[PDB]
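Take a look at the structure set out below.
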Amino acid sequence: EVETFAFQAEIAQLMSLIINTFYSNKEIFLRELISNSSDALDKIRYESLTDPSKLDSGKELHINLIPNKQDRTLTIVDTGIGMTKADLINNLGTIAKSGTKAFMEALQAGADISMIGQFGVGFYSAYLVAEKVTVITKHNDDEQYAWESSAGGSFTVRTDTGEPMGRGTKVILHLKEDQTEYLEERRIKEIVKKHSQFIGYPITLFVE
Ligand SMILES: CCNC(=O)c1cc2c(-c3cc(OCCN4CCCC4)c(Cl)cc3Cl)nc(N)nc2s1
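Quick look at the structure:
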């Protein structure tokens with residue numbers, strides 16, 4: 016049962032911009048997603064203070080970076096709060112609707128794309144390097160879901176039947192032909208040291 020949705024006009028406009036604008040400093044994508052992870056880990060650590068049993072889905076609060084040369088993917092996995100189907104489909108794209116506004120006038124004479132995260136729409140930066148992005152997520156307690164988009168105006172949501180994941184979010188970047196550099200170990204280690212030095216959770220870089 017694959018459902019297909021339209022992006023809100025504004026999000027679509029943002030995605031085309033991210034995909035068409037000439038901009039050489041693409042590496043910022045990793046800071047945005049690692050930071051989205053950080054927030055998601057914060058959220059669950061906070062809520063589990065008044066409700067110890069929300070950790071029943073997983074005690075470890077961490078972030079994994081997993082490169083795969085053969086499939087040509089970089090996956091950022093966290094065990095944070097996850098999203099429900101209503102996050103994925105409505106709630107995230109309604110909030111994104113106005114961060115996209117502000118961010119988009121700042122771009123017209125002045126701000127630059129590297130500032131995208133200040134407007135809470137950092138996730139879309141993944142399109143600097145990915146031709147296709149797939150988000151797998153599990154929130155206590157809804158089912159686990161797979162969101163997917165190659166931009167172009169539309170996205171899909173289906174329930175997921177891949178490997179179960181406790182609780183958490185996986186972002187899988189299917190990188191474009193010319194961005195395989197972000198599958199390189201020293202390359203990942205260089206970007207993380209430089210832009211993500213201080214996250215409050217262990218980050219493990221998987222090797223191939
Ligand atoms: C309470 C419901 N859970 C979430 O909002 C989550 C959103 C994310 C996100 C996330 C956050 C995102 O936006 C962050 C900015 N916001 C400020 C408040 C809500 C959205 C977007 Cl556009 C896309 C994604 Cl996939 N990433 C990751 N790794 N984990 C979670 S958990």
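Each residue of the sequence shown is one higher than the one before, counting from 16 in the entry's author numbering. Each residue gets a CB set at the ideal place from its N, CA and C atoms; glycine is no exception.
Have a look at residue i and residue j and give me their C-alpha separation to the nearest angstrom.
| i | j | result |
| --- | --- | --- |
| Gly95 | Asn105 | 20 Å |
| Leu29 | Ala121 | 13 Å |
| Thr65 | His77 | 21 Å |
| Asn35 | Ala166 | 12 Å |
| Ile128 | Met119 | 9 Å |
| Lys204 | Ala161 | 28 Å |
| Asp157 | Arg173 | 13 Å |
| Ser211 | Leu190 | 21 Å |
| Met130 | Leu220 | 25 Å |
| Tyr216 | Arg60 | 11 Å |
| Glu192 | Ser68 | 44 Å |
| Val92 | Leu48 | 10 Å |
| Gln194 | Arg87 | 10 Å |
| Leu107 | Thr99 | 10 Å |
| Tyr38 | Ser140 | 12 Å |
| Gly168 | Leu103 | 16 Å |
| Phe22 | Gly125 | 26 Å |
| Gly97 | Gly181 | 10 Å |
| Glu178 | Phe138 | 23 Å |
As a quick exercise: from the options, pick the residue whose alpha carbon is nearest that of residue i.
| i | options | result |
| --- | --- | --- |
| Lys84 | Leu188, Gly168 and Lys208 | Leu188 |
| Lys116 | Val136, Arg87, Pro67 and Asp86 | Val136 |
| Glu75 | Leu198, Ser50 and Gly183 | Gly183 |
| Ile110 | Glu25, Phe170 and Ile91 | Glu25 |
| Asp175 | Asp193, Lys191, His154 and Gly125 | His154 |
| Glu196 | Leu89, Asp93, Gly215 and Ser140 | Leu89 |
| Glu223 | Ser211, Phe213 and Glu200 | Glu200 |
| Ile81 | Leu45, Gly108 and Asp71 | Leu45 |
| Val17 | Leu220, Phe170 and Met130 | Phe170 |
| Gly114 | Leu103, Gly125, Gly132 and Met180 | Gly132 |
| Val207 | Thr19, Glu62 and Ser50 | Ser50 |
Buried or exposed for residue i, please, with buried defined as at least 16 other CB atoms from any protein chain shown within 10 angstroms of its CB.
| i | result |
| --- | --- |
| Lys185 | buried |
| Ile33 | buried |
| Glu42 | buried |
| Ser52 | buried |
| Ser164 | buried |
| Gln123 | exposed |
| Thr149 | buried |
Cβ of residue i within 7 Å of any heavy atom in ligand 1?
| i | result |
| --- | --- |
| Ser39 | no |
| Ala166 | no |
| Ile110 | yes |
| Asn155 | no |
| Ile96 | yes |
| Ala55 | yes |
| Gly215 | no |
| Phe138 | yes |
| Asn51 | yes |
| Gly181 | no |
| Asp66 | no |
| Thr115 | no |
Original post:
Per the contact definition of three or more C-beta pairs closer than 8 Å, is the region 134-151 in contact with the region 55-67?
Top reply: Flag = no, the region 55-67 and the region 134-151 do not touch.
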